[PDB]
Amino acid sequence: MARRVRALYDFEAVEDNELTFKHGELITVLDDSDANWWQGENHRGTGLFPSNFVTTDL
């Protein structure tokens, strides 16, 4: 199942395939098959983000 994580930092997408998010927001992890870049989903849409920008503690 897709798991939820919370953002530790702001991240603003630079490429079209990246997700934008803000500190404290929830992200759904859709695909963590890659170690450093995960596909997620939030209220803004979907896209890739750095795995080290989030935590499993909600």
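Counting begins at 1, following the sequence as shown.
Across the two stretches, 46 to 54 and 32 to 40, the PDB entry reports the greater mean Cα temperature factor for 32 to 40. In the PDB entry, residue 25 places in the middle third of its chain by CA B-factor. Sort the chain's modelled residues by C-alpha temperature factor and residue 2 lands in the highest third, per the entry. In the deposited entry, the Cα temperature factor of residue 14 places it in the highest third of its chain's modelled residues.
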